[PDB]
$ cat start-v6.cif   # mmCIF, C-alpha atoms
data_final
loop_
_atom_site.group_PDB
_atom_site.id
_atom_site.type_symbol
_atom_site.label_atom_id
_atom_site.label_comp_id
_atom_site.auth_asym_id
_atom_site.auth_seq_id
_atom_site.Cartn_x
_atom_site.Cartn_y
_atom_site.Cartn_z
ATOM 1 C CA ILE A 3 -29.818 1.197 3.479
ATOM 2 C CA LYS A 4 -33.438 2.372 3.713
ATOM 3 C CA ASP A 5 -34.888 -1.129 3.972
ATOM 4 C CA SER A 6 -31.957 -2.360 6.063
ATOM 5 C CA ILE A 7 -32.512 0.088 8.916
ATOM 6 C CA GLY A 8 -36.279 -0.294 8.537
ATOM 7 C CA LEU A 9 -35.851 -4.021 9.065
ATOM 8 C CA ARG A 10 -33.463 -3.397 11.961
ATOM 9 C CA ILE A 11 -36.064 -1.201 13.669
ATOM 10 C CA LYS A 12 -38.853 -3.746 13.213
ATOM 11 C CA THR A 13 -36.770 -6.811 14.127
ATOM 12 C CA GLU A 14 -35.533 -5.134 17.308
ATOM 13 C CA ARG A 15 -39.115 -4.189 18.165
ATOM 14 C CA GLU A 16 -40.116 -7.833 17.704
ATOM 15 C CA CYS A 17 -37.398 -8.956 20.122
ATOM 16 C CA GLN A 18 -38.627 -6.409 22.668
ATOM 17 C CA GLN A 19 -42.141 -7.773 22.074
ATOM 18 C CA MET A 20 -43.350 -4.165 21.975
ATOM 19 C CA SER A 21 -46.223 -3.189 19.679
ATOM 20 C CA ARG A 22 -46.579 -0.081 17.514
ATOM 21 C CA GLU A 23 -49.571 1.048 19.566
ATOM 22 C CA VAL A 24 -47.526 0.846 22.768
ATOM 23 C CA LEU A 25 -44.818 3.206 21.507
ATOM 24 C CA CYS A 26 -47.125 6.208 21.092
ATOM 25 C CA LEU A 27 -50.440 6.440 22.938
ATOM 26 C CA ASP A 28 -50.735 10.049 21.786
ATOM 27 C CA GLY A 29 -49.328 9.330 18.332
ATOM 28 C CA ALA A 30 -48.431 13.011 18.089
ATOM 29 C CA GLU A 31 -44.649 12.672 17.859
ATOM 30 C CA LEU A 32 -44.943 9.544 15.718
ATOM 31 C CA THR A 33 -47.934 8.811 13.510
ATOM 32 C CA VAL A 34 -48.515 5.055 13.297
ATOM 33 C CA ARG A 35 -48.732 5.507 9.524
ATOM 34 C CA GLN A 36 -45.163 6.838 9.472
ATOM 35 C CA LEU A 37 -43.581 3.927 11.359
ATOM 36 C CA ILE A 38 -45.426 1.313 9.299
ATOM 37 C CA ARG A 39 -44.224 3.014 6.111
ATOM 38 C CA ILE A 40 -40.684 3.158 7.516
ATOM 39 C CA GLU A 41 -40.687 -0.554 8.367
ATOM 40 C CA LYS A 42 -41.841 -1.217 4.801
ATOM 41 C CA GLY A 43 -38.576 0.398 3.721
ATOM 42 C CA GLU A 44 -40.376 2.569 1.184
ATOM 43 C CA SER A 45 -39.649 5.747 3.145
ATOM 44 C CA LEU A 46 -36.349 6.970 4.575
ATOM 45 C CA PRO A 47 -36.679 7.440 8.351
ATOM 46 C CA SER A 48 -35.959 11.101 9.115
ATOM 47 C CA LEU A 49 -33.259 11.706 11.734
ATOM 48 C CA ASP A 50 -35.799 12.932 14.294
ATOM 49 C CA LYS A 51 -37.591 9.592 14.002
ATOM 50 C CA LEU A 52 -34.345 7.705 14.615
ATOM 51 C CA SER A 53 -33.765 9.739 17.774
ATOM 52 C CA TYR A 54 -37.248 8.955 19.094
ATOM 53 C CA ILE A 55 -37.349 5.220 18.346
ATOM 54 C CA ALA A 56 -33.960 4.806 20.028
ATOM 55 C CA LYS A 57 -34.887 6.968 23.014
ATOM 56 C CA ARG A 58 -37.885 4.707 23.599
ATOM 57 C CA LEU A 59 -35.987 1.490 22.865
ATOM 58 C CA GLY A 60 -33.631 2.300 25.729
ATOM 59 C CA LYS A 61 -30.717 1.818 23.352
ATOM 60 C CA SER A 62 -28.441 4.530 21.956
ATOM 61 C CA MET A 63 -28.445 5.410 18.256
ATOM 62 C CA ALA A 64 -24.703 4.767 18.138
ATOM 63 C CA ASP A 65 -24.255 1.179 19.346
ATOM 64 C CA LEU A 66 -26.761 -0.592 17.087
ATOM 65 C CA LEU A 67 -26.122 1.546 14.001
ATOM 66 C CA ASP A 68 -22.360 1.231 14.485
ATOM 67 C CA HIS A 69 -22.928 -2.532 14.401
ATOM 68 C CA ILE A 72 -21.071 -1.216 6.636
ATOM 69 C CA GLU A 73 -17.802 -2.790 7.799
ATOM 70 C CA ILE A 74 -14.790 -4.217 5.975
ATOM 71 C CA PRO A 75 -14.240 -7.989 6.359
ATOM 72 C CA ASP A 76 -10.970 -9.172 7.911
ATOM 73 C CA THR A 77 -10.390 -11.620 5.055
ATOM 74 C CA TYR A 78 -9.510 -8.751 2.708
ATOM 75 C CA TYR A 79 -6.645 -7.655 4.956
ATOM 76 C CA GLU A 80 -5.337 -11.224 4.872
ATOM 77 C CA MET A 81 -5.216 -11.060 1.077
ATOM 78 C CA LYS A 82 -3.742 -7.552 1.254
ATOM 79 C CA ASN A 83 -1.027 -8.887 3.557
ATOM 80 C CA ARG A 84 -0.266 -11.490 0.896
ATOM 81 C CA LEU A 85 0.148 -8.662 -1.617
ATOM 82 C CA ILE A 86 2.632 -6.403 0.168
ATOM 83 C CA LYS A 87 4.427 -8.544 2.763
ATOM 84 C CA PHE A 88 5.645 -11.091 0.211
ATOM 85 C CA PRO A 89 8.593 -9.850 -1.903
ATOM 86 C CA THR A 90 8.544 -11.366 -5.396
ATOM 87 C CA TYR A 91 11.853 -9.884 -6.577
ATOM 88 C CA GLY A 92 10.473 -9.720 -10.117
ATOM 89 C CA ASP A 93 10.059 -13.491 -10.330
ATOM 90 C CA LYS A 94 7.994 -14.830 -13.238
ATOM 91 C CA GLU A 95 5.525 -16.939 -11.251
ATOM 92 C CA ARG A 96 5.557 -14.968 -7.993
ATOM 93 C CA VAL A 97 4.067 -11.902 -9.701
ATOM 94 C CA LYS A 98 1.488 -13.809 -11.761
ATOM 95 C CA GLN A 99 0.225 -15.360 -8.537
ATOM 96 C CA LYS A 100 -0.248 -11.870 -7.087
ATOM 97 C CA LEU A 101 -1.920 -10.462 -10.204
ATOM 98 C CA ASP A 102 -4.315 -13.408 -10.040
ATOM 99 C CA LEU A 103 -4.861 -12.464 -6.404
ATOM 100 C CA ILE A 104 -5.585 -8.814 -7.220
ATOM 101 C CA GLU A 105 -8.302 -9.872 -9.662
ATOM 102 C CA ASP A 106 -9.663 -12.136 -6.926
ATOM 103 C CA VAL A 107 -9.674 -9.209 -4.492
ATOM 104 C CA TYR A 108 -11.485 -7.115 -7.103
ATOM 105 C CA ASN A 109 -13.911 -9.970 -7.740
ATOM 106 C CA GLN A 110 -14.638 -10.208 -4.011
ATOM 107 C CA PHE A 111 -14.314 -6.754 -2.401
ATOM 108 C CA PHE A 112 -14.654 -4.146 -5.175
ATOM 109 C CA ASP A 113 -17.773 -2.492 -3.737
ATOM 110 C CA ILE A 114 -16.907 -2.256 -0.039
ATOM 111 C CA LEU A 115 -13.395 -0.757 -0.066
ATOM 112 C CA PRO A 116 -12.845 3.012 0.339
ATOM 113 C CA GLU A 117 -11.663 4.922 -2.748
ATOM 114 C CA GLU A 118 -8.175 5.208 -1.241
ATOM 115 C CA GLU A 119 -7.956 1.422 -0.939
ATOM 116 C CA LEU A 120 -8.955 0.849 -4.569
ATOM 117 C CA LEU A 121 -6.313 3.436 -5.425
ATOM 118 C CA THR A 122 -3.737 1.437 -3.468
ATOM 119 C CA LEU A 123 -4.667 -1.752 -5.325
ATOM 120 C CA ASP A 124 -4.547 -0.037 -8.721
ATOM 121 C CA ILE A 125 -1.095 1.543 -8.396
ATOM 122 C CA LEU A 126 0.923 -1.474 -7.233
ATOM 123 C CA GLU A 127 -0.861 -3.552 -9.874
ATOM 124 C CA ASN A 128 0.850 -1.364 -12.471
ATOM 125 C CA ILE A 129 4.151 -1.811 -10.636
ATOM 126 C CA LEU A 130 3.842 -5.604 -10.660
ATOM 127 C CA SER A 131 2.906 -5.728 -14.346
ATOM 128 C CA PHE A 132 5.664 -3.220 -15.116
ATOM 129 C CA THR A 133 8.321 -4.288 -17.618
ATOM 130 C CA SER A 134 10.463 -1.420 -18.909
ATOM 131 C CA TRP A 135 10.413 2.336 -19.532
ATOM 132 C CA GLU A 136 10.118 2.058 -23.317
ATOM 133 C CA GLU A 137 7.088 -0.230 -23.415
ATOM 134 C CA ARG A 138 4.937 1.434 -20.753
ATOM 135 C CA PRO A 139 3.256 4.860 -20.319
ATOM 136 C CA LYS A 140 4.732 7.619 -18.153
ATOM 137 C CA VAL A 141 3.695 8.249 -14.544
ATOM 138 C CA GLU A 142 2.033 11.512 -15.573
ATOM 139 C CA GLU A 143 -0.031 10.062 -18.428
ATOM 140 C CA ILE A 144 -1.720 7.595 -16.065
ATOM 141 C CA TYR A 145 -1.903 9.918 -13.038
ATOM 142 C CA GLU A 146 -1.448 13.573 -14.034
ATOM 143 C CA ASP A 147 -3.491 15.006 -11.164
ATOM 144 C CA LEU A 148 -1.949 12.797 -8.474
ATOM 145 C CA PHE A 149 1.652 13.252 -9.621
ATOM 146 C CA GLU A 150 1.452 17.051 -9.578
ATOM 147 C CA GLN A 151 0.094 16.957 -6.029
ATOM 148 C CA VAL A 152 2.794 14.711 -4.559
ATOM 149 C CA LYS A 153 5.549 16.951 -5.933
ATOM 150 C CA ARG A 154 4.273 19.892 -3.893
ATOM 151 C CA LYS A 155 3.065 17.958 -0.845
ATOM 152 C CA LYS A 156 5.114 17.793 2.361
ATOM 153 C CA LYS A 157 3.806 14.591 3.958
ATOM 154 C CA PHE A 158 3.072 11.559 1.781
ATOM 155 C CA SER A 159 0.581 8.785 2.476
ATOM 156 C CA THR A 160 0.885 5.095 1.612
ATOM 157 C CA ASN A 161 -0.614 5.705 -1.831
ATOM 158 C CA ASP A 162 1.687 8.643 -2.561
ATOM 159 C CA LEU A 163 4.727 6.461 -1.893
ATOM 160 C CA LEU A 164 3.367 3.936 -4.390
ATOM 161 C CA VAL A 165 2.996 6.319 -7.334
ATOM 162 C CA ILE A 166 6.422 7.785 -6.551
ATOM 163 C CA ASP A 167 7.736 4.217 -6.605
ATOM 164 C CA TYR A 168 6.150 3.744 -10.034
ATOM 165 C CA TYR A 169 7.845 6.987 -11.066
ATOM 166 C CA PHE A 170 11.159 5.349 -10.155
ATOM 167 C CA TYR A 171 10.497 2.229 -12.245
ATOM 168 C CA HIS A 172 9.917 4.404 -15.307
ATOM 169 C CA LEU A 173 13.235 6.171 -14.725
ATOM 170 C CA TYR A 174 15.586 3.182 -14.556
ATOM 171 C CA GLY A 175 18.128 2.790 -17.351
ATOM 172 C CA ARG A 176 16.830 6.048 -18.759
ATOM 173 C CA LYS A 177 18.966 9.103 -19.464
ATOM 174 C CA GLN A 178 17.477 12.419 -20.620
ATOM 175 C CA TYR A 179 15.704 13.027 -17.310
ATOM 176 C CA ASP A 180 14.791 15.986 -15.115
ATOM 177 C CA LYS A 181 17.410 15.782 -12.368
ATOM 178 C CA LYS A 182 15.776 18.481 -10.246
ATOM 179 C CA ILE A 183 12.381 16.772 -9.946
ATOM 180 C CA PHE A 184 14.251 13.620 -8.957
ATOM 181 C CA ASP A 185 16.406 15.319 -6.313
ATOM 182 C CA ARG A 186 13.414 17.192 -4.889
ATOM 183 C CA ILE A 187 11.465 13.960 -4.438
ATOM 184 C CA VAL A 188 14.323 11.992 -2.860
ATOM 185 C CA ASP A 189 14.687 14.854 -0.378
ATOM 186 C CA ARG A 190 11.019 14.793 0.628
ATOM 187 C CA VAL A 191 11.137 10.994 0.919
ATOM 188 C CA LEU A 192 14.090 10.932 3.328
ATOM 189 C CA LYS A 193 12.409 13.512 5.575
ATOM 190 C CA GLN A 194 9.329 11.319 6.035
ATOM 191 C CA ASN A 195 8.908 10.177 9.635
ATOM 192 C CA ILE A 196 8.591 6.415 10.106
ATOM 193 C CA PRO A 197 5.141 5.472 11.483
ATOM 194 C CA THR A 198 3.854 2.269 13.087
ATOM 195 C CA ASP A 199 1.866 1.259 10.005
ATOM 196 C CA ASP A 200 3.417 -1.683 8.150
ATOM 197 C CA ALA A 201 2.126 -0.795 4.678
ATOM 198 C CA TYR A 202 3.639 2.698 4.814
ATOM 199 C CA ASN A 203 7.068 1.374 5.783
ATOM 200 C CA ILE A 204 6.923 -1.295 3.079
ATOM 201 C CA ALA A 205 5.929 1.342 0.524
ATOM 202 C CA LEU A 206 8.659 3.659 1.808
ATOM 203 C CA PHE A 207 11.140 0.778 1.652
ATOM 204 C CA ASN A 208 10.307 0.163 -2.011
ATOM 205 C CA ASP A 209 11.025 3.822 -2.746
ATOM 206 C CA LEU A 210 14.329 3.902 -0.855
ATOM 207 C CA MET A 211 15.493 0.752 -2.647
ATOM 208 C CA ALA A 212 14.413 2.313 -5.935
ATOM 209 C CA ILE A 213 16.171 5.589 -5.118
ATOM 210 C CA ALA A 214 19.472 3.826 -4.434
ATOM 211 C CA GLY A 215 18.865 1.670 -7.503
ATOM 212 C CA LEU A 216 18.681 4.637 -9.861
ATOM 213 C CA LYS A 217 21.592 6.247 -8.020
ATOM 214 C CA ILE A 218 23.869 3.281 -8.726
ATOM 215 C CA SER A 219 22.850 3.003 -12.386
ATOM 216 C CA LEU A 220 23.411 6.726 -12.947
ATOM 217 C CA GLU A 221 26.599 6.545 -10.858
ATOM 218 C CA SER A 222 25.314 9.296 -8.558
ATOM 219 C CA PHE A 223 26.126 8.854 -4.871
ATOM 220 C CA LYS A 224 24.735 12.008 -3.270
ATOM 221 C CA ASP A 225 23.335 11.329 0.212
ATOM 222 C CA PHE A 226 23.815 7.609 -0.408
ATOM 223 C CA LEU A 227 24.769 7.144 3.243
ATOM 224 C CA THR A 228 21.560 8.937 4.221
ATOM 225 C CA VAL A 229 19.447 6.581 2.103
ATOM 226 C CA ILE A 230 20.820 3.444 3.762
ATOM 227 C CA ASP A 231 20.527 5.023 7.215
ATOM 228 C CA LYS A 232 16.831 5.466 6.438
ATOM 229 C CA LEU A 233 16.587 1.857 5.250
ATOM 230 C CA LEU A 234 18.196 0.485 8.409
ATOM 231 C CA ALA A 235 16.079 2.795 10.567
ATOM 232 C CA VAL A 236 12.944 1.474 8.872
ATOM 233 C CA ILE A 237 14.006 -2.141 9.418
ATOM 234 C CA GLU A 238 14.843 -1.472 13.076
ATOM 235 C CA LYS A 239 11.402 0.031 13.714
ATOM 236 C CA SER A 240 9.415 -2.312 11.464
ATOM 237 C CA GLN A 241 11.411 -5.460 12.306
ATOM 238 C CA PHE A 242 11.434 -6.375 8.613
ATOM 239 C CA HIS A 243 14.601 -8.473 8.873
ATOM 240 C CA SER A 244 13.498 -10.244 5.690
ATOM 241 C CA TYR A 245 14.380 -7.048 3.809
ATOM 242 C CA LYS A 246 17.870 -6.694 5.306
ATOM 243 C CA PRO A 247 19.567 -8.816 2.602
ATOM 244 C CA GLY A 248 18.579 -6.126 0.088
ATOM 245 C CA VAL A 249 20.516 -3.461 1.973
ATOM 246 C CA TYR A 250 23.620 -5.665 1.943
ATOM 247 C CA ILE A 251 23.294 -5.774 -1.846
ATOM 248 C CA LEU A 252 23.225 -1.971 -1.952
ATOM 249 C CA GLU A 253 26.326 -1.637 0.234
ATOM 250 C CA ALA A 254 27.970 -4.190 -2.054
ATOM 251 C CA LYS A 255 27.544 -2.328 -5.344
ATOM 252 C CA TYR A 256 28.435 0.918 -3.575
ATOM 253 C CA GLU A 257 31.741 -0.325 -2.176
ATOM 254 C CA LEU A 258 32.395 -1.867 -5.592
ATOM 255 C CA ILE A 259 31.663 1.187 -7.744
ATOM 256 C CA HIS A 260 32.229 4.240 -5.535
ATOM 257 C CA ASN A 261 35.104 3.089 -3.319
ATOM 258 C CA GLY A 262 36.362 0.699 -5.991
ATOM 259 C CA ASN A 263 36.675 -1.931 -3.275
ATOM 260 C CA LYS A 264 36.257 -5.632 -4.024
ATOM 261 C CA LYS A 265 37.305 -6.969 -0.622
ATOM 262 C CA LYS A 266 34.330 -5.397 1.146
ATOM 263 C CA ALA A 267 32.079 -5.702 -1.906
ATOM 264 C CA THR A 268 32.442 -9.485 -1.823
ATOM 265 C CA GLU A 269 31.700 -9.746 1.900
ATOM 266 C CA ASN A 270 28.527 -7.688 1.454
ATOM 267 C CA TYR A 271 27.357 -10.068 -1.258
ATOM 268 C CA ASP A 272 28.365 -12.967 0.992
ATOM 269 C CA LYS A 273 26.255 -11.758 3.920
ATOM 270 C CA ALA A 274 23.300 -11.366 1.557
ATOM 271 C CA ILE A 275 23.654 -14.856 0.083
ATOM 272 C CA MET A 276 23.897 -16.359 3.572
ATOM 273 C CA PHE A 277 20.814 -14.446 4.704
ATOM 274 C CA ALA A 278 18.934 -15.535 1.581
ATOM 275 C CA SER A 279 19.844 -19.106 2.531
ATOM 276 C CA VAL A 280 18.625 -19.034 6.139
ATOM 277 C CA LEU A 281 15.351 -17.500 4.951
ATOM 278 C CA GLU A 282 14.942 -20.579 2.739
ATOM 279 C CA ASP A 283 14.130 -18.250 -0.163
ATOM 280 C CA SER A 284 15.257 -20.130 -3.273
ATOM 281 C CA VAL A 285 14.491 -17.489 -5.910
ATOM 282 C CA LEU A 286 16.133 -14.787 -3.775
ATOM 283 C CA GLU A 287 19.346 -16.755 -3.263
ATOM 284 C CA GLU A 288 19.867 -17.745 -6.901
ATOM 285 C CA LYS A 289 19.265 -14.171 -8.073
ATOM 286 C CA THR A 290 21.466 -12.319 -5.579
ATOM 287 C CA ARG A 291 24.371 -14.708 -6.146
ATOM 288 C CA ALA A 292 23.945 -14.306 -9.898
ATOM 289 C CA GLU A 293 24.482 -10.575 -9.433
ATOM 290 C CA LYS A 294 27.689 -11.460 -7.602
ATOM 291 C CA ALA A 295 29.042 -13.312 -10.634
ATOM 292 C CA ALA A 296 27.672 -10.570 -12.890
ATOM 293 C CA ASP A 297 29.848 -8.038 -11.063
ATOM 294 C CA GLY A 298 32.925 -10.185 -11.680
ATOM 295 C CA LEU A 299 33.018 -11.962 -8.322
ATOM 296 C CA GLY A 300 33.082 -15.545 -7.053
ATOM 297 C CA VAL B 17 14.735 -2.810 -13.551
ATOM 298 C CA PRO B 18 16.885 -4.980 -11.234
ATOM 299 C CA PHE B 19 15.308 -7.730 -9.126
ATOM 300 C CA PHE B 20 16.199 -6.140 -5.781
ATOM 301 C CA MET B 21 14.090 -3.079 -6.587
ATOM 302 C CA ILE B 22 10.843 -5.049 -6.638
ATOM 303 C CA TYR B 23 9.965 -5.620 -2.987
ATOM 304 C CA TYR B 24 6.306 -6.084 -3.902
#
$ encode --input "start-v6.cif" --output "C-alpha cells"
Amino acid sequence: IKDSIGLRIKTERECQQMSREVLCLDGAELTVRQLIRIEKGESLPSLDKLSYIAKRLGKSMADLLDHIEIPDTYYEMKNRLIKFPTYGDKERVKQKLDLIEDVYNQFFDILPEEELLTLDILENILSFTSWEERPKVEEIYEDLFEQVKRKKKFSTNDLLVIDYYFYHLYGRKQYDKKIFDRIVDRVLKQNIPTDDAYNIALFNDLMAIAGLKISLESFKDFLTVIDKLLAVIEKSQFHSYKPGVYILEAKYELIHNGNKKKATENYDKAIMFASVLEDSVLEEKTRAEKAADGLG
Amino acid sequence: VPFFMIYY
C-alpha cells in the first residue's frame, strides 16, 4: 500500500502539472526530501502529510482514497453457490465444489475473514455424507459452536454452522434433546431481513429442523416451523423453494395425522411444481419419495 | 440425510 499511494500522489501531481517546488515555497511544512522519498514508496506517508497534499490538491482525502474493493464477479459465483439447490445430486454438488476451489483460486486474498468463513462451512455441508463417517460440529468448530448456543441474534455464518449441526444429527439417536430444542427456539425467533443469503441459510435450517423432527417422530411446534418457512418465502419471493414445504406437509399429514388423502395431494402439488420449474432431478426425486411412502 | 434437506 506504501508504494501504491505514493504512486497515486505522484501520478495525480503529474496530471495537475504541478511541480514539487510549487507545492512548498517555504518547504517548512513539507521538506522536498520527504515528498520525494514518499513518491519512491520507500517511506510510509504520515497522516499529516496526507492531509497537506490533499488540502493543496484541492481534493478531499476521502474521494480518491475511497477509490481495496471486492470485484462483482465474486458475487456472481457466490450467487451460483447458494441460489442453486442441488438436492444432494451427484453431479450438481461436484460442480459447486469445483466452483468453490475456483473461487479460492481467484479471490482468496481479497475476501473478509467472515466471507472465507462462509465459504468454508457450506463446503463441509456439500461434501457431507453421513454422521458416522464425518467429524462432529464441535470438533471442527469448538469456539464458534459454543458462541452460537448462547447468542441471541445469528448471522449468515451462524445459520450455516447450525445447519451443519443438523446434518450430523440426522438418523442419529443418543442425542442431547435440550441443546436441540434450545437452538430451534432461537432460530424461529430470528427476524427475517432483506438479505437473500441470510434467508437461504435460515431456510436450510428450517428444512433441516423439520427433517429431524419427522425422522425422530417429534412434532412440537411443527406448525410454527412451516409458518416461518412460508413467511420467508413470502418476503424473499423464493417460490422455487415452495415445493419443499409441500413435501414437509405431506410427510406430516401422513405420519402425524395418519392421513393419506391429504398426504397424496401434498406430494402431487410438489411434483407439479417440480415439473413447471423444469427441474428434472428435483421431480424424479420427490416423486420417488412418494412411492417410497407407499403412494402412487 | 434426505434430498430435500440440502437446499445448497
$ resolve_selection --input "start-v6.cif" --expression "the PyMOL selection byres ((chain A and resi 184-197) around 9)" --output "VMD selection string"
chain A and resid 152 to 153 155 to 158 163 166 170 179 to 183 198 to 200 202 to 203 206 209 to 210 213 228 to 229 232 235 to 236 239 to 240
$ residues_around --input "start-v6.cif" --residues "range 18-22 of chain B" --least-positions-apart "3" --cutoff "12 Å" --atoms "all atoms listed in the file" --output "number ranges by chain"
A: 86-94, 96-97, 126, 129-134, 164, 167-168, 170-171, 174-175, 204-205, 207-216, 218-219, 245-252, 255, 274, 285-293
$ residues_around --input "start-v6.cif" --residues "residue 54 in chain A" --least-positions-apart "2" --cutoff "10 Å" --atoms "all atoms listed in the file" --output "PyMOL selection string"
chain A and resi 25+31-32+49-52+56-59+63
$ residues_near_point --input "start-v6.cif" --point "(29.2, -12.5, 1.9)" --cutoff "12 Å" --atoms "all atoms listed in the file" --output "number ranges by chain"
A: 247, 250-251, 253-254, 264-279, 287, 290-291, 294, 299-300
$ closest_residue --input "start-v6.cif" --among "A:3, A:296, A:64, A:85" --to "chain B" --atoms "only C-alpha atoms"
A:85
$ atom_distance --input "start-v6.cif" --atom1 "CA of residue 169 in chain A" --atom2 "CA of residue 100 in chain A"
20.9 Å
$ axis_aligned_box --input "start-v6.cif" --around "range 130-145 of chain A" --padding-each-side "3 Å" --output "JSON"
{"center_x": 4.3, "center_y": 2.9, "center_z": -17.0, "size_x": 18.4, "size_y": 23.2, "size_z": 18.8}
$ resolve_selection --input "start-v6.cif" --expression "the PyMOL selection byres ((chain A and resi 72) around 12)" --output "JSON, numbers by chain"
{"A": [3, 6, 7, 66, 67, 68, 69, 73, 74, 75, 113, 114, 115, 116]}
$ atom_distance --input "start-v6.cif" --atom1 "CA of residue 201 in chain A" --atom2 "CA of residue 76 in chain A"
15.9 Å
$ atom_distance --input "start-v6.cif" --atom1 "CA of residue 282 in chain A" --atom2 "CA of residue 238 in chain A"
21.7 Å
$ closest_residue --input "start-v6.cif" --among "A:178, A:222, A:141, A:128" --to "chain B" --atoms "only C-alpha atoms"
A:128
$ closest_residue --input "start-v6.cif" --among "A:177, A:84, A:61, A:15" --to "chain B" --atoms "all atoms listed in the file"
A:84
$ closest_residue --input "start-v6.cif" --among "A:106, A:127, A:5, A:231" --to "residue 24 in chain B" --atoms "all atoms listed in the file"
A:127
$ residues_around --input "start-v6.cif" --residues "residue 45 in chain A" --least-positions-apart "2" --cutoff "9 Å" --atoms "only C-alpha atoms" --output "JSON, numbers by chain"
{"A": [4, 5, 8, 36, 39, 40, 41, 42, 43, 47, 48]}
$ closest_residue --input "start-v6.cif" --among "A:101, A:11, A:280, A:38" --to "chain B" --atoms "only C-alpha atoms"
A:101
$ decode --input "start-v6.cif" --residues "chain B" --atoms "N, CA, C and O atoms" --output "compact mmCIF listing (two decimals), in the first residue's frame"
# COMPACT_ATOMS: atom_id res chain seq x y z
N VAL B 17 -29.09 -38.42 5.24
CA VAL B 17 -29.77 -37.14 5.06
C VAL B 17 -30.60 -37.13 3.78
O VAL B 17 -30.09 -37.42 2.70
N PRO B 18 -31.90 -36.80 3.90
CA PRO B 18 -32.81 -36.77 2.76
C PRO B 18 -32.46 -35.65 1.77
O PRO B 18 -31.81 -34.68 2.16
N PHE B 19 -32.90 -35.80 0.53
CA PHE B 19 -32.53 -34.87 -0.54
C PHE B 19 -33.13 -33.48 -0.34
O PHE B 19 -32.53 -32.48 -0.75
N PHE B 20 -34.29 -33.41 0.29
CA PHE B 20 -34.99 -32.13 0.45
C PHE B 20 -34.49 -31.34 1.65
O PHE B 20 -35.08 -30.33 2.03
N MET B 21 -33.40 -31.80 2.25
CA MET B 21 -32.75 -31.05 3.32
C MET B 21 -31.59 -30.23 2.77
O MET B 21 -31.20 -29.22 3.36
N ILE B 22 -31.04 -30.67 1.65
CA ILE B 22 -29.93 -29.96 1.01
C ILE B 22 -30.45 -28.93 0.02
O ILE B 22 -30.68 -29.24 -1.15
N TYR B 23 -30.65 -27.70 0.49
CA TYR B 23 -31.03 -26.60 -0.38
C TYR B 23 -29.83 -25.73 -0.69
O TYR B 23 -29.94 -24.51 -0.84
N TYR B 24 -28.66 -26.36 -0.77
CA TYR B 24 -27.42 -25.68 -1.10
C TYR B 24 -26.69 -26.40 -2.24
O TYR B 24 -26.75 -27.62 -2.35
